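Some notes on the structure that comes next.
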Amino acid sequence: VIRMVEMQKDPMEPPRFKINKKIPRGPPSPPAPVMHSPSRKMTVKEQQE
Amino acid sequence: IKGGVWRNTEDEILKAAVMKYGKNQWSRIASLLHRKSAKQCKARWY
Amino acid sequence: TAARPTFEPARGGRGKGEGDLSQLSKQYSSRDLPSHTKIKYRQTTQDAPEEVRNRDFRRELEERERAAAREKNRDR
Amino acid sequence: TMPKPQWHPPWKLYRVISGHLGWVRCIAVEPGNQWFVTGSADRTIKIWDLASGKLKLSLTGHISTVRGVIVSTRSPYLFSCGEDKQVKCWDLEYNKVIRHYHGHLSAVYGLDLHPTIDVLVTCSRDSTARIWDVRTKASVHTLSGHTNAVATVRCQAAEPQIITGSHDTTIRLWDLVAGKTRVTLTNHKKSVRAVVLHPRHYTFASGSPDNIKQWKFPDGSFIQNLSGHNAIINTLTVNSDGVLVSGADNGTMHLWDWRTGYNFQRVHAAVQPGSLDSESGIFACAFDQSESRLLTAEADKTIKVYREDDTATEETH
Amino acid sequence: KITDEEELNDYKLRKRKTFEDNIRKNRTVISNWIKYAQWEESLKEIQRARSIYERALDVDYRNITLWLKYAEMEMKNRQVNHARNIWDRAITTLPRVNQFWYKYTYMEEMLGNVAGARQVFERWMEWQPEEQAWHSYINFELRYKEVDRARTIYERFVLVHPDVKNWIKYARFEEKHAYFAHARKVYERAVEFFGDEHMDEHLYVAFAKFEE
Amino acid sequence: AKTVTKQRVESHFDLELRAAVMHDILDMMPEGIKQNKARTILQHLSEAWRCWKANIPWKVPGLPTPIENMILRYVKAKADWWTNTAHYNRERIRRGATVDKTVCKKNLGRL
Amino acid sequence: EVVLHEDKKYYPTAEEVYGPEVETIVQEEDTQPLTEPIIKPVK
Amino acid sequence: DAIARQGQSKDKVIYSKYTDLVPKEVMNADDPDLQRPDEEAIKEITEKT
Amino acid sequence: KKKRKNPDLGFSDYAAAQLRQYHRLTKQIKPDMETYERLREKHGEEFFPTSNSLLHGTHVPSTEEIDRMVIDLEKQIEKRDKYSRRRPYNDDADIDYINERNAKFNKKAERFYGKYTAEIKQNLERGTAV
Amino acid sequence: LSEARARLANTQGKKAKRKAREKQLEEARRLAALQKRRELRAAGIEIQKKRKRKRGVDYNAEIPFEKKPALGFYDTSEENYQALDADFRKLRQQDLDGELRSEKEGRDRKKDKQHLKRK
Ligand SMILES: [Mg+2]
């Protein structure tokens, strides 16, 4: 059995550690499948227009 | 002390400078041709 | 080069309030002091949702439309 | 013919309101049908009289185009957002800005109020949606996970409480409490620029230039596919009688049956006299609280007002 | 001229710094990602390049040539089962990109795994792709053997793509493999199925040519 | 998240105009387009704005009419913003209100 | 029958482009100035 | 579906099948299937949130 | 004797060129009936699998199969690398570029605007007249 | 005419011209430090140098922002790849990079010109 007391914080105490440090944005969640329609067909003439 | 008669050399440099700088930068073209100002280069073009 | 467009914006989620309050900073603006700390609500005469619920809007709208058309007619 | 569609009477323009000096980009109706806001690219917000069509007030204060405007139903407030990056609360008791919501990294494209909690939600071009407390002007959550600009957002009281489409052709159904995506719907091929909520049937619609889709709410099931209005559509709005309005960037506007998915009217309105043929376009449309007027904010700096035709059936497919 | 591996690692430092800086600059269009992955695969350090393609798919997972380069790196460097996982994840996340299906049914056929290519084709006919996909699966069968299973594929294809040209092609198939009675059964099934008021000439033209 | 205060206003407007044009051309191209060619349409829009300011009649000989109509639309929008800003600053300079010196030179150049 | 530049009527009338049944409203400056408010306090 | 849910949980709902692409039927009328759940459940979720 | 003509039309799609390339590769391949009948007799009931039978995580290809795949894929990479053939560079034409990229941009200008700007070049070559 | 040709040739500004010269100077000081370090390793003197930077040494040491390839439905734990042959008696800085685009094209242009002028 353990008795836990929260440490008493000094009011006259500035911030302790540097926070401005920055690392690049991590990977996003696993890619969702697209569920698209079957690729409507493209013609040479409209591709040229 | 600018202007006078136009020679073929100045006119061909004027043609090539219009090919490079366009018809809306005449003080960049007239820096390439001494004794000719920007109004003179524009007038000679048109 | 130096002079260039954007073609993509800067994304949000990595500064001052975004995920861990930027790890709990002790820096705060003068625009972030307490101000207007009490939401005003609609009273019974204003347009409270108790009064808006039973109202037939089409009859009142048609009456106001008729009065506006009559005012525009009687003007000229 | 598997369904038989309900007959809806056709709509007709009866009032062209004019006076903005920029594209009218948003519109919203007051809870009591006394007036309605518009916001435009002339950096102002205009209170218009809904009966007489007369300009009731003009409110300056934005630095750029006004993109979304909404009137609160619980509180006497007027929330507005812009390309300014500024989100504002207008106290209508004083007609002055009392609170500004800071933190969007880029332009703010839309905003919506939660109907029961006093929580504002906003879309931005920085690929995020933000969740704001009205009283404390602070960011509760930052809904991130879209990869392009976020175009439209809505709110419920019931499940998934935040639905947003964006320019990455996806739609995320979220958790307001956790701040994380529940369903990513990728069925569209081009950018979703308008989502809309049905008042009764617990489904929603979503629009993109390929086609428009109807969807059940708990987990997003496919239900239907409303097609034929193939332009870049900007807004969708639902009538409780099951009338759906799709207005596009080319000025074309189609009127639709919600249930059967039938196109009963096509409306191609004409531009203002000084205006140009390439300038026909709809950015917003909204029904009034009587649901018998249709207010469209046009790209020819006009507000066009439509009402139903009182002549009987000349119609039915 | 480079000596022992100190100067080689210095050259690698300069090149990887240049590529990672270009990635930091743009973070968009994948030419930097692909060029850095090609440079890493050219030095047989392909785990670096696996990481590069996974990072680039974290950036843009809908870019199909990125999938193609990653899977062709893993096929090229004799890592069959990696590339097999890559194609499976590719056809899962992008089911409408027919490129992935054609290349993955081609890889399973070139590796001698017949039944694996059969299972990938059946997963592909679950999506009901297009005319050319069904014809490619028929050509896969007819390339091996199995006129009966290819006939079952034709039955599915005429049931899921009702079109007179497809019935004509299946009729021409049943002609060319000498099953004229089966072809006649297909004819008597087609002319009853199309009805009376819809038909264009070509069905009865080809059926008259057969009975000619 | 820096605020668009007074010296960022034109740069923010012309930052957002480009983005709106980018979203419109990503929605306007059909399904089988190579998804390149955005930078060229943006250059056509900048050149169309320069030709509006110079009062030069702007016509590209071969160009698709949706791109040409969209460029004309956004050039009319930037024309409206330019002209209304000029009217506002001219009324301010006339009444004697607090104006910058640079806005006096810019306003003379617009007028 | 000469038309001066001071008239030079382009852009035909709003009644001519929308018709008689559509009523056109041109609104410049507004009723009830910014001191006179929207939704009124309980006095 | 298991190759689609790499980093997701077991209760995450994602769509990866072709049966998710076909439209449902007309769902005729005021059906108790497509209903906003319950007004007391709405108040309960409102209070929780 | 056989004869088959297959020219190319315009580009129009990334999938049509894929389909053409697939038809080329899939007509070039030859199946081995010995290995086919061997694997058929070894596998039996499951040699005609459905979408969901069992064998997904079982096959281990021997060295000859992976060598054939690698050689075929190297040939395919070579055929892809021969896609854009360089047109021969003549220096007799009057050059109108000062850079290496300026030449290709002027070529693109002659591609697009070359049909419309056909009178002014005649005016230039006749002496800025007409 | 000389100023005309010299100004029709130019496209670069101040910063591009100072960066090109800075790149040449960086290449020169790199070859000089390379020669000094090669001599110190050839005779054999193990003087170590310093480094004062946060990032940058993370490139050769390990995989920078490593993502593991997603795994499923096929065992891929047994197979591995073979490292590159070193061959540090023929290998050059040009060899790892591959032939230059301007170099190859330049070469052909040469050949093309030759044939045309010879014919
Ligand atoms: Mg300079």
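How well do other chains shield peptide I:41-47, expressed as the mean number of their Cβ atoms within 10 Å of each residue Cβ?
Counting other chains' Cβ atoms within 10 Å and averaging over I:41-47 gives 1.
Normalised by the empirical 2.2 N^0.38 Å for globular proteins, what value does the Cα Rg of segment B:3-46 take?
On the way: Rg = 8.9 Å, N = 44, 2.2 N^0.38 = 9.3 Å.
Output field value: 0.96.
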Fewest to most Cβ atoms within 10 Å: G:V2, E:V80 sort as G:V2, E:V80
Kindly rank J:7-15, E:161-169 from highest to lowest mean number of other beta carbons found within 10 Å of each residue. E:161-169, J:7-15
Would you mind checking the tilt of helix C:57-75 against the longest principal axis of the Cα atoms of chain C, expressed as 0 to 90 degrees and rounded to 10? 70 degrees
Compare the Cα positions of E:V158, D:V243, G:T13 along the charge dipole of the protein assembly as shown (+1 at Cβ of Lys, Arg; -1 at Cβ of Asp, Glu; about the Cα centre) and return the one farthest towards the positive end. G:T13
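Hey, got the dipole for the protein assembly as shown? About the Cα centre, +1 on K and R Cβ, -1 on D and E Cβ, debye to the nearest 20?
Dipole of the protein assembly as shown, to the nearest 20 debye: 8000 debye.
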Inter-chain shielding metric for D:170-177, i.e. average beta-carbon neighbours from other chains within 10 angstrom, reads 1
Rounded to whole Å, √(5λ) for the Cα gyration tensor eigenvalues of segment J:1-58, largest first, gives 40, 17, 6
Cross-link partners of I:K115 among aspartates and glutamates (Cα-Cα below 16 Å; sequence separation of 8 or more within a chain): A:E49
What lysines does A:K41 reach when the alpha-carbon gap must be under 17 Å and sequence neighbours fewer than 8 apart in one chain are set aside? D:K189, D:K190, F:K34
How long is segment E:3-212 along each principal axis, judged by its Cα atoms, biggest number first, in Å? 81, 35, 24
What's the ranking of D:250-261, D:123-134 by average number of surrounding C-beta atoms within 10 Å, highest first? D:123-134, D:250-261
Where trypsin sites (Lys or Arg not before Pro) fall in DSSP loop in segment C:14-50, at most 12 other Cβ within 10 Å: C:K26, C:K38
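For each of E:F207, I:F47, count neighbouring Cβ atoms within 10 Å of the residue's Cβ, then give the residues from fewest to most. All intermediate terms of the calculation are to be shown ahead of the outcome.
Working: E:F207 20, I:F47 16.
Going from least to most buried by this count: I:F47, E:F207.
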When the Cα centres of segment E:33-97 and segment F:28-45 are compared, how far apart do they sit, in Å? 28 Å
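Nearest 500 deg cm²/dmol is fine: what mean residue ellipticity at 222 nm does the protein assembly as shown get from its DSSP H runs of n ≥ 4 alone, each adding -39,500 (n - 2.57), divided by its residue count? Write out the running numbers ahead of the final one.
On the way: 34 runs with 435 residues, N = 1152.
The per-residue figure over the protein assembly as shown is -12000 deg cm²/dmol.
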Ranking of I:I71, D:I98 by count of other Cβ atoms within 10 Å, fewest first: I:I71, D:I98
For segment E:105-157 and segment D:235-272, what is the separation of their Cα centres, given in Å? 45 Å
Among the chymotrypsin sites (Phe, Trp or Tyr not before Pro) within segment D:1-109, which fall in a DSSP loop and have no more than 15 other Cβ atoms within 10 Å of their own Cβ? D:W7, D:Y94
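Take peptide E:98-105, look around each residue's Cβ out to 10 angstrom, count Cβ atoms belonging to other protein chains, and average those counts. Working shown, then result.
On the way: counts 6, 7, 0, 0, 8, 6, 0, 2.
Across E:98-105, the average partner-chain Cβ count within 10 Å equals 4.
In terms of the ratio Rg/(2.2 N^0.38 Å) built on C-alpha atoms, what value belongs to chain J?
On the way: Rg = 23.9 Å, N = 119, 2.2 N^0.38 = 13.5 Å.
My calculation over the Cα atoms of chain J gives 1.77.
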Report the rotationally averaged projected area of segment F:1-64 based on its alpha-carbon convex hull, in square nanometres. 6.3 nm²
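About the Cα centre of segment E:3-212, what is the dipole size in debye to 20, counting +1 per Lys and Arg Cβ and -1 per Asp and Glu Cβ, all else neutral?
Working: 36 positive and 37 negative charges, 171 e Å.
Computed about the Cα centre, the dipole is about 820 debye.
Among the listed pairs F:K6/J:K15; C:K26/D:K180; B:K20/J:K119; I:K121/J:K110; I:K30/I:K107; E:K35/I:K2, which are separated by more than 32 Å between their Cα atoms? Mind showing how you got there, number by number?
Working: F:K6/J:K15 30 Å; C:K26/D:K180 27 Å; B:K20/J:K119 35 Å; I:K121/J:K110 30 Å; I:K30/I:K107 44 Å; E:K35/I:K2 44 Å.
Pairs exceeding the cut-off: B:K20/J:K119; I:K30/I:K107; E:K35/I:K2.
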Provide the packing ranking of H:31-44, E:93-106, i.e. peptides ordered by the mean count of other C-beta atoms within 10 Å per residue, highest first. E:93-106, H:31-44
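So which chymotrypsin sites (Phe, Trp or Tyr not before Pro) in segment C:1-67 end up in coil per DSSP with only 14 or fewer other C-beta atoms within 10 Å? Present the calculation step by step, with values, prior to reporting the outcome.
Working: sites: C:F7, C:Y28, C:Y41, C:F57; in loops: C:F7, C:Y28, C:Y41.
Passing both the DSSP loop test and the Cβ count: C:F7, C:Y28, C:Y41.
Work through the residues other than C:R14 whose Cβ is under 10 Å from its Cβ and net out their charges, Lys, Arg +1 and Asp, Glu -1. List each step's numbers first, then the result.
Numbers: positive: A:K22, A:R25, C:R11, C:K16; negative: C:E18.
The answer is +3.
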Taking alpha-carbon centroids only, segment D:103-122 lies from segment F:54-70 a number of Å equal to 38 Å
Angle between chain H longest axis and helix H:39-48 axis [Cα atoms, degrees, rounded to 10]: 70 degrees
Can you check what the Kirkwood hydrodynamic radius comes to for chain C, Cα pairs only, in Å to one decimal? 19.7 Å
Over all directions, what mean area does the Cα convex hull of segment D:210-317 project, stated in square nanometres? 8.1 nm²
Rh (Kirkwood, all Cα-Cα pairs) for segment I:1-63, Å, reads 15.9 Å
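Dipole size in debye (nearest 20) for chain D around its Cα centre, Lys and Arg Cβ +1, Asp and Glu Cβ -1? Write down the numbers at each step before the final one.
Details: 34 positive and 30 negative charges, 132 e Å.
Charge dipole, chain D, about its Cα centre: 640 debye, nearest 20.
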Between helix F:65-95 and chain F: long-axis angle, C-alpha atoms, 0 to 90°, nearest 10: 0 degrees
Positive-end residue, the protein assembly as shown charge dipole about Cα centroid, Cβ charges, pick of E:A117, I:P88, J:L116: J:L116
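Hey, any idea what the orientation-averaged projected area of the convex hull of chain A's Cα atoms comes to, in nm²? Write out the running numbers ahead of the final one.
Working: hull surface 47.1 nm².
If I average the Cα hull's projected area over directions, I get 11.8 nm².
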GNM on chain I, C-alpha springs below 10 Å: top fluctuator among I:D72, I:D92, I:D81? I:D92
Quick one: the Cα spread of chain H along its three principal axes, in angstroms, biggest first? 40, 34, 10
Once the convex hull of the alpha carbons of segment D:1-105 is built, what does its volume come to per residue, in cubic angstrom? 182 Å³
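Please compute the Kirkwood hydrodynamic radius over the protein assembly as shown, one decimal place, Å, based on all pairs of different Cα atoms.
Working: mean 1/r = 0.0282 Å⁻¹.
Taking the inverse mean of 1/r over all distinct Cα pairs, the protein assembly as shown comes out at 35.5 Å.
Counting residues in segment D:27-74 as N, plug N into 2.2 N^0.38 Å and put the Cα Rg over that result. Present the calculation step by step, with values, prior to reporting the outcome.
On the way: Rg = 10.7 Å, N = 48, 2.2 N^0.38 = 9.6 Å.
The value comes to 1.12.
Using ideal geometry, Cβ is built from the backbone for each residue, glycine included, and neighbour counts are taken over all protein chains shown. FYI, it's all coordinate maths here, none of it is from the lab.
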